[PDB]
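Asker: Take a look at this one; I'll ask things after.
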There are 2 protein chains.
Amino acid sequence: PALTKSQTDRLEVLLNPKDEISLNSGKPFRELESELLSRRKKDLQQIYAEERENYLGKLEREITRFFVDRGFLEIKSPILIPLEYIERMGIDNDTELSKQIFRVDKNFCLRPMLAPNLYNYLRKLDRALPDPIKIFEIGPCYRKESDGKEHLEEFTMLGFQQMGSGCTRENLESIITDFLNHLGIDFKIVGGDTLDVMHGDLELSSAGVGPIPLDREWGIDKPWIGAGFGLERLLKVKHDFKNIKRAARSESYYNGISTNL
Amino acid sequence: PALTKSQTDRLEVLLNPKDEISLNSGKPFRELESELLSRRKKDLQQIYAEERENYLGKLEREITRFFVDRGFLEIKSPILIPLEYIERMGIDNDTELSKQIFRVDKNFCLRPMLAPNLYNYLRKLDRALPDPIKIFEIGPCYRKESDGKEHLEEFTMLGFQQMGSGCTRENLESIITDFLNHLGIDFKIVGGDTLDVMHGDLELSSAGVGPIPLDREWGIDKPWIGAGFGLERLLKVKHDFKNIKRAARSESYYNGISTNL
Ligand SMILES: Nc1ncnc2c1ncn2[C@@H]1O[C@H](COP(=O)(O)OP(=O)(O)NP(=O)(O)O)[C@@H](O)[C@H]1O
Ligand SMILES: Nc1ncnc2c1ncn2[C@@H]1O[C@H](COP(=O)(O)OP(=O)(O)NP(=O)(O)O)[C@@H](O)[C@H]1O
Ligand SMILES: Cn1cc(C[C@H](N)C(=O)O)c2ccccc21
Ligand SMILES: Cn1cc(C[C@H](N)C(=O)O)c2ccccc21
Ligand SMILES: [Mg+2]
Ligand SMILES: [Mg+2]
Ligand SMILES: [Mg+2]
Ligand SMILES: [Mg+2]
């Protein structure tokens with residue numbers, strides 16, 4: 001009696017990437033399910049007995065320490081932002097992002113990105129802080145997305161930006177490289193300069209070197225370097241999850257372990 | 001020449017609670033403004049040179065360590081939640097909260113509270129973890145509010161909950177008391193049991209002891225204790241801010257310092 005596709009789907013919910021269990025073994029579904037249920041209950045018991053930390057929270061804290069220690073100021077800015085910030089980012093029809101916005105009320109949206117708020121902080125802090133100005137933010141961002149194993153509608157972005165002196169492509173690649181070697185994540189950098197940070201075919205980050213013409217709409221007139229990274233994609237690679245759902249804010253998975261036991 | 005109300009409003013933006021400057025001094029507005037601008041620029045320079053941490057992020061990390069160390073599992077659950085969770089919480093017309101919901105699309109809303117997701121986690125984790133089950137979450141919550149010095153529309157909630165053995169009012173008051181003495185925040189506890197944690201006339205928390213009849217709609221049939229705290233209200237008290245805007249996710253204040261310099 002071979003397993004049904006529905007049964008294999010159920011077992012795949014319970015399977016963790018380092019389990020060495022093969023589904024075709026010939027063992028009955030009920031037995032395979034009971035084995036995986038026992039393993040996942042034990043995984044949750046071990047977390048509860050020892051560390052008790054959530055992967056997404058813990059990763060945020062680790063990234064925060066890395067950037068604070070490298071001289072970047074920690075920002076916490078609004079998640080619910082004025083809708084006019086989207087248009088002011090140059091996002092209109094004929095851009096993909098235009099159709100992906102979660103609107104709230106008449107004049108607000110859930111931010112799909114961190115760039116508007118980081119631009120505003122760079123402009124304001126230039127009146128107080130010495131050159132160069134280095135800032136970062138980690139927090140929720142929102143985009144409407146087609147179903148896909150690499151995309152969430154509710155995700156978490158790291159964004160960092162430096163403005164003034166030292167804003168070279170070399171220095172940008174150095175930050176990225178030190179950061180991902182610190183986290184233990186393999187990558188390739190692929191390249192007004194623009195560049196993407198790839199893990200195989202998966203985009204971990206897009207990064208940039210300024211100035212660009214958009215800066216003037218935000219009151220920025222200095223060179224800059226910066227990048228944006230999705231935390232759930234970093235977790236997906238680090239823990240070898242097959243679907244990014246395992247890494248997201250979720251009621252269905254805790255540290256990549258099914259909560260439906 | 002006395003200061004105008006508009007001028008005093010501008011100086012109050014620049015005034016920090018421990019400044020020992022009196023507005024009626026007789027000094028001209030321009031001079032008082034220049035003094036406060038210099039002080040606030042220096043405050044930002046000192047943060048940037050030394051700690052570089054945001055108060056709201058740092059408070060979240062401190063609270064996280066307190067609860068993890070006391071045996072509570074750290075949860076990160078969705079901020080964008082099904083609208084049906086609101087009705088299932090018993091929130092209908094004739095309740096205040098009913099009119100305060102930020103709706104998104106047809107079937108979702110920004111969570112105004114943490115209770116639905118914590119109920120769901122308690123039910124699911126009861127199948128895996130030993131008694132008692134202790135969990136907590138910190139993160140963004142959203143409510144439409146009238147203008148007021150104690151309310152934000154975008155705020156941050158701590159919610160903790162224990163289920164099973166040990167769920168007594170005494171144990172609940174002990175958690176609260178240890179927590180606020182750890183943070184250095186003065187309070188009074190004022191009291192199916194219900195109780196509020198007050199700082200003067202300001203509500204820091206509402207807390208509760210179960211079971212209650214609502215539990216059955218969430219699949220819960222064990223005793224419980226729990227509470228919810230606003231982080232920005234804790235910061236407002238700790239730092240003696242006159243308006244909670246100083247403590248919120250914001251583009252206008254950084255660690256209670258005006259960014260408009
Ligand atoms: N829906 C999403 N879910 C998870 N992470 C995301 C999502 N959208 C963007 N990210 C992350 O945020 C980073 C910066 O955003 P951005 O450069 O705008 O993404 P993007 O170009 O739309 N990438 P993609 O949709 O994969 O082609 C990306 O490199 C991802 O790591
Ligand atoms: N709009 C808000 N801004 C900031 N903190 C809030 C807000 N609403 C609730 N809180 C915090 O969240 C805690 C738990 O929420 P809840 O008990 O529902 O609040 P509440 O009853 O509406 N309090 P209040 O509106 O002041 O009378 C409160 O005790 C506050 O510390
Ligand atoms: C600061 N920052 C953030 C991003 C990612 C995305 N565009 C966002 O705004 O969140 C980014 C990309 C290139 C250069 C700088 C960047
Ligand atoms: C777990 N928890 C959370 C709250 C506050 C608010 N009602 C919310 O849901 O976020 C709360 C109040 C009493 C008892 C337990 C509580
Ligand atoms: Mg995209
Ligand atoms: Mg990209
Ligand atoms: Mg209220
Ligand atoms: Mg209350």
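By order of appearance in the structure tokens: chains A, B, ..., then residues from 1 within every chain, and ligands from 1 in the order shown.
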Compile the contact shell of range 52-57 of chain A as a ChimeraX atom specification: residues with an atom at most 9 Å away, counting only C-alpha atoms, same-chain residues fewer than 5 positions apart removed.
Answerer: /A:46-47,62,156,231-232,235,247-249,254-256 /B:64,68-69,71-76
Asker: Pick out the residues no farther than 8 Å from ligand 3, counting only C-alpha atoms and all ligand atoms, and list them as a short mmCIF file (atom, residue, chain, number, x, y, z; two decimals) with N, CA and C atoms, in the first residue's frame.
Answerer:
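Dumped to part_31.cif:
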```cif
data_model
loop_
_atom_site.label_atom_id
_atom_site.label_comp_id
_atom_site.auth_asym_id
_atom_site.auth_seq_id
_atom_site.Cartn_x
_atom_site.Cartn_y
_atom_site.Cartn_z
N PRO A 112 6.17 48.41 2.47
CA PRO A 112 6.73 47.28 1.75
C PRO A 112 8.24 47.24 1.77
N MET A 113 8.82 48.29 2.28
CA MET A 113 10.24 48.50 2.30
C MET A 113 10.67 49.48 3.39
N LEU A 114 11.96 49.55 3.67
CA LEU A 114 12.46 50.46 4.69
C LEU A 114 13.04 51.76 4.13
N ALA A 115 13.25 51.85 2.83
CA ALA A 115 13.97 53.00 2.28
C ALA A 115 13.40 54.38 2.61
N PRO A 116 12.08 54.63 2.55
CA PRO A 116 11.59 55.99 2.86
C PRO A 116 11.98 56.46 4.24
N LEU A 118 14.37 55.34 6.21
CA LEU A 118 15.82 55.50 6.36
C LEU A 118 16.31 56.78 5.68
N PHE A 136 20.71 51.67 10.79
CA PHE A 136 20.05 50.46 10.32
C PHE A 136 18.71 50.29 11.04
N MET A 157 12.50 42.76 7.31
CA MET A 157 13.61 43.33 6.56
C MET A 157 14.66 43.91 7.51
N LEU A 158 15.92 43.65 7.18
CA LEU A 158 17.06 44.45 7.64
C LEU A 158 17.38 45.46 6.55
N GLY A 159 17.51 46.73 6.93
CA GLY A 159 18.02 47.72 5.99
C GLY A 159 19.12 48.51 6.66
N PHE A 160 20.25 48.69 5.99
CA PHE A 160 21.30 49.54 6.54
C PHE A 160 21.75 50.54 5.49
N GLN A 161 22.22 51.69 5.97
CA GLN A 161 22.63 52.75 5.05
C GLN A 161 23.68 53.61 5.72
N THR A 194 24.46 49.04 -8.81
CA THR A 194 23.47 48.15 -8.24
C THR A 194 24.05 46.75 -8.15
N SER A 205 19.58 39.68 -0.86
CA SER A 205 19.63 41.13 -0.69
C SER A 205 19.73 41.82 -2.04
N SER A 206 19.19 43.03 -2.11
CA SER A 206 19.62 44.01 -3.12
C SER A 206 20.32 45.16 -2.41
N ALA A 207 21.37 45.68 -3.05
CA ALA A 207 22.21 46.70 -2.44
C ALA A 207 22.45 47.79 -3.47
N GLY A 208 22.92 48.94 -3.00
CA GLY A 208 23.10 50.08 -3.88
C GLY A 208 24.14 51.07 -3.41
N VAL A 209 24.65 51.83 -4.38
CA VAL A 209 25.61 52.91 -4.15
C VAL A 209 25.01 54.19 -4.72
N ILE A 225 25.81 54.33 0.69
CA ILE A 225 25.78 52.91 0.36
C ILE A 225 24.76 52.26 1.28
N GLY A 226 24.12 51.19 0.80
CA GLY A 226 23.16 50.52 1.67
C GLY A 226 22.67 49.22 1.07
N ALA A 227 21.86 48.50 1.85
CA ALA A 227 21.33 47.22 1.39
C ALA A 227 20.13 46.83 2.23
N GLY A 228 19.32 45.94 1.66
CA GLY A 228 18.17 45.35 2.34
C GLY A 228 18.18 43.84 2.22
N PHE A 229 17.96 43.16 3.35
CA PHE A 229 18.01 41.71 3.49
C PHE A 229 16.72 41.20 4.12
#
```
Asker: Would you mind listing the residues within 12 Å of ligand 7, counting only C-alpha atoms and all ligand atoms, as a list in words?
Answerer: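 Going residue by residue within 12 Å of ligand 7, we get residues 95, 96, 97, 98, 99, 100, 101, 112, 113, 141, 142, 143, 144, 145, 146, 147, 148, 150, 151, 152, 153, 155, 202, 203, 204, 205, 206 and 230 of chain B.
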Asker: Residues at most 10 Å from residue 30 in chain A, counting only C-alpha atoms, excluding those fewer than 4 positions away in the same chain, as a CSV table (one decimal) with C-alpha atoms, in the first residue's frame?
Answerer:
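And here is the file that came out, out.csv:
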```csv
chain,number,residue,atom,x,y,z
A,7,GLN,CA,-0.5,11.4,3.3
A,11,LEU,CA,4.4,13.7,6.6
A,34,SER,CA,3.6,8.4,14.8
A,35,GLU,CA,7.4,8.4,14.6
```
Asker: Using only C-alpha atoms, which of the listed residues (A:51, A:221, A:215, A:196) sits closest to chain B?
Answerer: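 Nearest candidate to chain B out of A:51, A:221, A:215, A:196: A:51.
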Asker: Please provide the set of residues having any atom within 10 Å of residue 251 in chain A, restricted to only C-alpha atoms, with same-chain residues fewer than 5 positions apart removed, written as a list in words.
Answerer: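 Skipping anything fewer than 5 positions along the chain leaves residues 258, 259 and 260 of chain A; 75, 76, 77, 78, 117, 118, 120, 121 and 124 of chain B.
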Asker: Could you write those residues out with N, CA and C atoms, as a compact mmCIF listing (two decimals), in the first residue's frame?
Answerer:
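See out_28.txt below for the written result:
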```
# COMPACT_ATOMS: atom_id res chain seq x y z
N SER A 258 6.50 21.98 13.08
CA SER A 258 5.04 22.07 13.01
C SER A 258 4.44 22.16 14.40
N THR A 259 3.48 23.08 14.56
CA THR A 259 2.71 23.20 15.80
C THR A 259 1.43 22.38 15.77
N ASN A 260 1.19 21.62 14.70
CA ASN A 260 -0.04 20.85 14.51
C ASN A 260 0.27 19.38 14.77
N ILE B 75 7.43 33.78 21.70
CA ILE B 75 6.57 33.62 20.52
C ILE B 75 6.76 34.82 19.59
N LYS B 76 6.76 34.56 18.27
CA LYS B 76 6.62 35.62 17.26
C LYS B 76 5.51 35.21 16.31
N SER B 77 4.34 35.84 16.44
CA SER B 77 3.17 35.39 15.68
C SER B 77 2.73 36.51 14.75
N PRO B 78 1.79 36.25 13.85
CA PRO B 78 1.41 37.27 12.86
C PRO B 78 0.85 38.54 13.49
N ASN B 117 -3.71 35.04 19.34
CA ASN B 117 -2.56 34.23 18.96
C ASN B 117 -1.99 33.48 20.17
N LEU B 118 -2.01 34.09 21.36
CA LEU B 118 -1.51 33.39 22.54
C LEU B 118 -2.43 32.23 22.92
N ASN B 120 -4.20 30.46 20.74
CA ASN B 120 -3.92 29.41 19.77
C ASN B 120 -2.62 28.69 20.10
N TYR B 121 -1.57 29.43 20.51
CA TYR B 121 -0.33 28.77 20.89
C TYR B 121 -0.50 27.91 22.14
N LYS B 124 -2.20 24.61 20.99
CA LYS B 124 -1.32 23.75 20.22
C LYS B 124 -0.18 23.19 21.07
```
Asker: Which is closest to chain B among A:89, A:237, A:261, A:15, if we use only C-alpha atoms?
Answerer: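 Closest to chain B of all the choices is A:261.
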Asker: Out of range 94-195 of chain A, which residues get strand (DSSP E) from DSSP, as a PDB file with C-alpha atoms, in the first residue's frame?
Answerer:
```
ATOM      1  CA  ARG A 103      -3.400  49.948   1.815  1.00  0.00           C
ATOM      2  CA  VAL A 104      -4.895  51.023   5.153  1.00  0.00           C
ATOM      3  CA  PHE A 108      -1.734  54.998   4.830  1.00  0.00           C
ATOM      4  CA  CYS A 109      -0.209  51.650   3.925  1.00  0.00           C
ATOM      5  CA  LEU A 110       1.866  48.905   5.510  1.00  0.00           C
ATOM      6  CA  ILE A 133      26.138  58.737   9.277  1.00  0.00           C
ATOM      7  CA  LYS A 134      25.506  55.011   9.693  1.00  0.00           C
ATOM      8  CA  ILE A 135      22.015  53.697  10.514  1.00  0.00           C
ATOM      9  CA  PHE A 136      20.048  50.462  10.319  1.00  0.00           C
ATOM     10  CA  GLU A 137      16.563  49.107  10.990  1.00  0.00           C
ATOM     11  CA  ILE A 138      15.054  45.635  11.372  1.00  0.00           C
ATOM     12  CA  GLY A 139      11.329  45.082  11.312  1.00  0.00           C
ATOM     13  CA  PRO A 140       8.105  43.957   9.614  1.00  0.00           C
ATOM     14  CA  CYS A 141       7.417  44.741   5.934  1.00  0.00           C
ATOM     15  CA  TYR A 142       4.389  43.729   3.837  1.00  0.00           C
ATOM     16  CA  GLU A 154       4.381  39.363   6.089  1.00  0.00           C
ATOM     17  CA  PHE A 155       8.189  39.339   6.326  1.00  0.00           C
ATOM     18  CA  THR A 156      11.055  41.036   8.196  1.00  0.00           C
ATOM     19  CA  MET A 157      13.607  43.326   6.564  1.00  0.00           C
ATOM     20  CA  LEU A 158      17.057  44.448   7.635  1.00  0.00           C
ATOM     21  CA  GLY A 159      18.025  47.724   5.985  1.00  0.00           C
ATOM     22  CA  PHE A 160      21.302  49.544   6.543  1.00  0.00           C
ATOM     23  CA  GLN A 161      22.626  52.748   5.054  1.00  0.00           C
ATOM     24  CA  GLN A 162      25.762  54.895   5.353  1.00  0.00           C
ATOM     25  CA  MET A 163      25.949  58.489   4.094  1.00  0.00           C
ATOM     26  CA  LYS A 188      27.735  35.415  -4.209  1.00  0.00           C
ATOM     27  CA  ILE A 189      27.697  39.137  -4.995  1.00  0.00           C
ATOM     28  CA  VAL A 190      26.397  39.751  -8.536  1.00  0.00           C
ATOM     29  CA  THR A 194      23.470  48.148  -8.240  1.00  0.00           C
ATOM     30  CA  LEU A 195      24.195  44.671  -6.968  1.00  0.00           C
TER      31      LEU A 195
END
```
Asker: Which of range 177-248 of chain A counts as alpha helix (DSSP H) under DSSP, as a PyMOL selection string please?
Answerer: chain A and resi 177-183+231-239
Asker: Check the smallest atom-to-atom distance from each of B:127, B:58, B:18, B:182 to residue 40 in chain A using only C-alpha atoms, then report the winner.
Answerer: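 Ranked by minimum distance to residue 40 in chain A, first place goes to B:127.
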Asker: Would you work out the distance separating CA of residue 184 in chain B from CA of residue 197 in chain B, expressed in Å to one decimal?
Answerer: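 Computing the Euclidean distance for CA of residue 184 in chain B and CA of residue 197 in chain B yields 14.3 Å.
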Asker: Quick one, how far is atom 16 (P, counted along the ligand's line) of ligand 1 from CA of residue 86 in chain A?
Answerer: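 Distance between the two atoms: 14.0 Å.
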Asker: Quick one: distance from CA of residue 242 in chain A to CA of residue 149 in chain A in Å, one decimal?
Answerer: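 Interatomic distance, CA of residue 242 in chain A to CA of residue 149 in chain A: 7.4 Å.
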Asker: If you count only C-alpha atoms, which residues fall within 10 Å of residue 166 in chain B, apart from same-chain ones fewer than 5 positions away, as a ChimeraX atom specification?
Answerer: /B:131-132,171-172,223-225
Asker: Generate a file of the selected residues that holds C-alpha atoms, formatted as a CSV table (one decimal), in the first residue's frame.
Answerer:
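New file out-v2.csv:
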```csv
chain,number,residue,atom,x,y,z
B,131,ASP,CA,2.6,21.3,32.5
B,132,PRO,CA,2.6,24.3,33.1
B,171,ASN,CA,1.6,33.8,41.4
B,172,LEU,CA,0.3,36.4,38.8
B,223,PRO,CA,-6.7,27.4,34.4
B,224,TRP,CA,-4.5,30.2,33.3
B,225,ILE,CA,-3.0,33.6,34.4
```
